[PDB]
Amino acid sequence: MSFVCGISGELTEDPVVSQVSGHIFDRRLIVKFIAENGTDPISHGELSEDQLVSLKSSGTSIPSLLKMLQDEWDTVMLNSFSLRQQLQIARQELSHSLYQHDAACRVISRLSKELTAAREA
Amino acid sequence: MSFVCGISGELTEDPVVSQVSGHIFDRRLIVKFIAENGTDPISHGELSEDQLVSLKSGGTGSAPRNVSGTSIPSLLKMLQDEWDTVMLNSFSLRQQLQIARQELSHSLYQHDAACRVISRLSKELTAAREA
Amino acid sequence: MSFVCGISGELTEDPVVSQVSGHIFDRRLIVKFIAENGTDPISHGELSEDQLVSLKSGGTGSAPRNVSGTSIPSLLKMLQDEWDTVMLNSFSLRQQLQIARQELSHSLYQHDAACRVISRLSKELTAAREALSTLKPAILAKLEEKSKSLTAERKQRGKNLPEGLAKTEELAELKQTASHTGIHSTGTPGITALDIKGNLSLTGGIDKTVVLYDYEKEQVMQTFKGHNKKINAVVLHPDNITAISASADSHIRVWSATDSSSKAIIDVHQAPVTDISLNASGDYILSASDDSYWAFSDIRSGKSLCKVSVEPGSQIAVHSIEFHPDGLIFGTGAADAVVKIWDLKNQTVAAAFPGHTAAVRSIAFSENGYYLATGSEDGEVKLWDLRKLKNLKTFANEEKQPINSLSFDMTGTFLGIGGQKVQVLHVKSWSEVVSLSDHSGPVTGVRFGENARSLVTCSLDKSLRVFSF
Amino acid sequence: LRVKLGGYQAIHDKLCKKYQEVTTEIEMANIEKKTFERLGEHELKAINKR
Amino acid sequence: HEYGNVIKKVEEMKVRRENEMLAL
C-alpha cells in the first residue's frame, strides 16, 4: 500500500513506525535522525532504534531515468532553497514585529508616566 | 588471501566461516577451539564441524574485481546519502520555519497595541486639557 | 572488512556465501539468480535461498569521491558516463562470445580435418612397416561436362515447386493403408533394404532371395535367386526390368525381371557389400562396401572401370554410396562419421557433409542439388548446403532414438524421418506434421511416392507396410 | 584539491593499469595450466600407444 | 556516513603512537 514518510513526505518503500509517537517513517531517515538527534522527530520524546516497528508490505529507459533524476534533484534543491529563503523572511517578519512591540511598550511607558502629571496640575 | 581472521588477526590462507557466527576464522584455529571448547568465540553459541564452510575465489565465471573506484552501486549509494542529508536538512528547516511562523502569528498584537495608545493618548489629552 | 561479489565484481554491503560453494555474493544478486535458475552460479550445484550464510561483519567502506563527484549534477554526469561504459562492456561480451564460438568450430574442424590426414598416413605407414615385418625374398569426363552445366544450370527448368504436391495440412492424414506378408520365406524371414520405381518395388530378404514385388496389387512380380547370403542393399532400375542387389556374401549380382538368372555379377569386394548406386545415364553401377573400398563398373558390359581403397590397411565400414545426376560432387558415408564427396578423377575427397559422431546410413541429393539431408542413430537429422558446404537446418528430438533410413519426397519438400518410429516433416515450412506408430518394430528402408502422396516401408515386424492419405 | 590530490590519483591510475595486466596474465596462465594438464593426460595415453 | 573512515585515521594515529611506547 501507499505509505508516506513523516520526514520526507514521500512515498516510502520501507515504512516503519515509532512506538514513541505512532508516526510512520522511512527506516533509513529515522535511523539517521535518531543517530543524529536522538529524539522522536514529531513528539520530541526520547527514541531508540529498537523502538521501531516495521509495517507490513518497472523501468522504461536509462537515459529517461537519468533525466527523471536530474529534474527530480532540481526540485528537491529548489525546495531547500525556498525553505532557507522563507525562513529568513519569517525571521525578518518576526524581528520587525518584536521591534514594533518594544517600541509600543516604550510609547505606553512614556504616555503612562506622562499621565501621572495630570494628577498634580 | 584477502580474508583476515577475526580471532588470530592474520590474513588467512584457510578461510572458513561458521553459520552461527557469521564470522571468518582460520580452519586450523576453529577446529581446535571446537575440540577444546565446542563454542563460537564471538557469539558464545554452540559449534560443530558441519556448521563450517570454506571460502574460495576465482572460479569459472567469477567476474573481474572492479578497481576503477567509480561504480554504479557506489554512485547510487552516494546519491542516496546526499538525498537523506538534504531531506533531514530540509526537515529541520521546515521545523524552524514552523516555529518562527507560529510565534509571529501569535505575536500579531500590534493593531491592538495601537488602539491602546489611542485610548491612552485621548485620556491623556482630556486629562491634560482640563485647566 | 572488505568483500567483492563473485557475480558483479563490485564491493558489496551485504556479503553472503552459499553453503554449496566457496564463493561470496551480494545477497540481492544471488537471490535474483536463484529466483531464475535455482542453482549455484559457479559450481552449478542446486541451491535454495535458505542455504545462504550471511557475514555480519561490516561491509566494504565507501569509495572516496572524485573531485568531480562533489556536485549532484556532476555525479549524474559521472553516472551517465559510467553507465555507458558498463553497457558497452556488456555489449562487447556478447560479441566476444560469438567470435569465440566461431573460432572454436574452426579449430575443431581444423583438428578433425587433420585427423583425416593422420588416419590415412598412419595406415599407409603401417602397411609399409608390415612389408618389412614379413619381408621374404572415361565417361567421368562427360560426367564433368554434365557437371559443367547441371550443378549450375537447373534453375532454367526448376522454376517452381509442383502445384499438385501435397500441402502441409493434407499429409497430416497419413495412415497405414496397406500391409504386406509372404514376400519372403518364413524359415528365415526379414527385409533389410528397400527400393521402388513408381508402384514397382524390389525387396532384399533374410532368406537370401531378391523378390520383385508390387505393393499396390499385393503381388509378387518375380523372384531372383543366386545369392549365398542375406541381402544388404538393393537398387531398382528405372527401366522396370533391371535390378541390382548386394549381399553379405561379398558379391553384387544384377538381374532382369524377364530372367531367373544373373544378367551380370560383380566380384569386386573383400568383405560384405553394403550399398550401391546408379549413374544417371543408367548403364553404370557405383558401389561401396564394409572393406573400406569402393568400386564402379559398367552394367551393360560387366566391365569394371575404376576402383580404389578409400583408405587401405583397415577393414572399415563404408555403409553408403550415391550418384548425383549433375555428373559428380556426390559421396560416401563411412564408419567414423565420414561423409566424403569424391574428386573422382583423382581418387581423393572433393567435399564433405558430416554431421555426426556415428556412422551415416543414407545420403540423398535433391533434383537440383541445392538441398541434401543426412541423419544417424546418434539422434538428429539435418539439412545441408550442397551449394556452399555448410549447415542450414536441423531436426532434433528429446529421445535421440535410432534413425535407420531417410528419404526426400519426389520434390524435396518433405522428408521422412524414423527408425523405431516414423515421422514426416514438411521441409518447405520446416515443421513437424505427423507421428506414426503403426509399426510394431524398427523400420529398415524408406521411400516416398509421387507428390509425397504415399510412403513405402519395410520393418523388423516381418511385413512391408505402405502409408498414404 | 586538484593539485593536492593529483599525486595520489596518479598513483591509483598506475596501480589500476598494473592490476589489470596482472589479472589478465593470471587468466591466460590459468587457461594454459588447464589445457596442459589435460594435454598431459592425452600424451600419457599416446606413450602407451606408441 | 560518508567519511566514516576517520575511525581508521585515529586508529592509524593510535598505532603510530604505539611506536616508542609501552606494553599493552
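Each value, and the rule that gives it
- Residues numbered from 1 in each chain as written, not as in the entry; some residues may be left out.
- Chains lettered and ligands numbered in written order.
- Part of a larger assembly, values for the part shown.
- Heavy atoms only, no water.
- Residues with missing side-chain atoms left out of burial classes, pairs and counts.
- Patch = residues over 30% accessible without salt bridge, like charges linked within 9 Å, V, L, I, M, F, W, Y side chains within 5 Å.
- Areas by Shrake-Rupley, 256 points an atom, 1.4 Å probe, with all protein chains shown as cover.
- Salt bridge = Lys/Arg side-chain N within 4 Å of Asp/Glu carboxyl O.
- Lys, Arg positive; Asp, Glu negative; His and termini not counted.
- Charge placed at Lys NZ, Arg CZ, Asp CG, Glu CD.
- Helix = DSSP H or I, 4+ residues; strand = E, 2+ residues; numbered from the N terminus.
- Buried < 20%, exposed > 50% of the residue type's maximum accessible area, 1.4 Å probe, protein only.
- Pairing = 2+ DSSP bridges.
- Axes fitted to C-alpha atoms, helices over the stretch in contact; angles between N-to-C directions.
- Contact = heavy atoms within 4.5 Å.
- Expected span 1.5 Å × (residues − 1).
- 1 Å grid on protein atoms, 1.4 Å probe; cavity = no way out; pocket = protein on both sides within 12 Å on 5 of 7 lines; lining within 4 Å.
- Points joined across faces, edges and corners; volume = space filled by probe spheres on them.
- Nonpolar A, V, L, I, M, F, W, Y, C, P; charged D, E, K, R; others polar.
- Buried area = accessible area lost by both parts, 1.4 Å probe.
- Polar contact = N/O pair within 3.5 Å; in protein donor to acceptor, adjacent residues only side chain to side chain.

Structure determination for this PDB entry is given in the record as cryo-EM, at a resolution of 2.9 Å.

Student: Give me the lowdown on a negative patch on the surface, citing residues and values where you can.
Tutor: All names here are of chain A. Where like charges cluster on the molecular surface, the negative patch consists of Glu10, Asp71, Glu72 and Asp74. Position of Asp74 relative to the elements: it lies in helix α2 (residues 62-117). Judged by relative accessible area, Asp74 falls into the partly exposed class, the value being 48%.

Student: Tell me what's going on with the sheet that holds strand β1 (residues 15-18) of chain C, and back it up with residues and numbers.
Tutor: Residue and element names in this part refer to chain C. Spatial strand order, β2-β1-β3: three strands in an open sheet with antiparallel pairing. Every interior strand has two partners, whereas the edge strands, β2 (24-26) and β3 (52-54), have only one. Direction aside, neighbouring strands of the sheet carry axes that sit 40° apart on average. For β1 and β3, the ladder comprises three bridges, and the chain directions are antiparallel. The residue bridging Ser18 from the neighbouring strand is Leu52, located in β3. Relative to the sheet, helix α1 (residues 27-37) contacts β1, β2 and β3, its axis offset from that of β2 by approximately 95°.

Student: Please provide a residue-by-residue account of α2(A), values included.
Tutor: Taking 1.5 Å as the rise per residue, α2(A) with 56 residues should run 82 Å; its terminal C-alpha atoms sit 83 Å apart, in good agreement. Buried residues along α2(A) sit in contact with α2 (72-106) and α3 (110-128) of chain B together with α2 (72-133) of chain C.

Student: Could you give me a rundown of the arrangement of the chains, with the residues and numbers involved?
Tutor: When the seven pairs of chains in contact are ranked by number of contacts, first place goes to chains A and B. You won't find any contact between chain B and chain E; their C-alpha atoms come no closer than 8 Å.

Student: Talk me through empty space enclosed by the protein; I want residue IDs and the actual numbers.
Tutor: Put simply, the largest cavity is a space of about 100 Å³. Partitioning the lining of the largest cavity into residue classes produces five nonpolar, two polar and three charged. Approximately 70 Å³ is the volume found for the second largest cavity. Lining the second largest cavity are A:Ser97, A:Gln100, A:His101, A:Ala104, B:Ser107, B:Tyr109, B:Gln110 and B:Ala113. Mapped by element, the contributors of at least two residues to the lining of the second largest cavity are α2 of chain A together with α3 of chain B. Top contributing element to the lining of the second largest cavity by residue count: α2(A), with four residues. Tallied by class, the residues present in the lining of the second largest cavity amount to three nonpolar, five polar and no charged.

Student: Mind laying out the interface of chain B and chain A, listing which residues take part and the relevant values?
Tutor: In this complex, chain B contributes 32 residues to the contact, which on the side of chain A involves 34 residues. For the pair chain B and chain A, the summed buried surface comes to about 3100 Å²; carbon and sulfur atoms form 70% of the total. Linking chain B with chain A are four salt bridges. B:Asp84 is paired through a salt bridge with A:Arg28; the nearest N and O atoms lie 2.9 Å apart. On the surface where chain B and chain A come into contact, there are seven residue pairs in polar contact. Looking at the side of chain B that touches chain A, the elements with two or more residues in it are α2 and α3 of chain B. Per element, the largest residue contribution to the side of chain B that touches chain A is 21 residues, and it comes from α2(B). Taken together, the residues that form the side of chain B that touches chain A break down as 15 nonpolar, seven polar and ten charged.

Student: Could you give me a rundown of the side chain of C:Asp207, with the residues and numbers involved?
Tutor: All names here are of chain C. In this structure, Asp207 sits in the loop between β6 (200-205) and β7 (209-214). There is no salt bridge for the buried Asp207, and the closest opposite charge comes from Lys225, which lies 7.8 Å off by N-O distance. Of note is the side chain of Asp207, whose polar atom sits 3.1 Å from the side chain of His184. In terms of polar contacts, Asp207 uses its side chain to reach the backbone amide nitrogen of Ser185, at 2.8 Å. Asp207 has contacts with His184, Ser185 and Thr188, leaving out every residue within four places of it along the chain.

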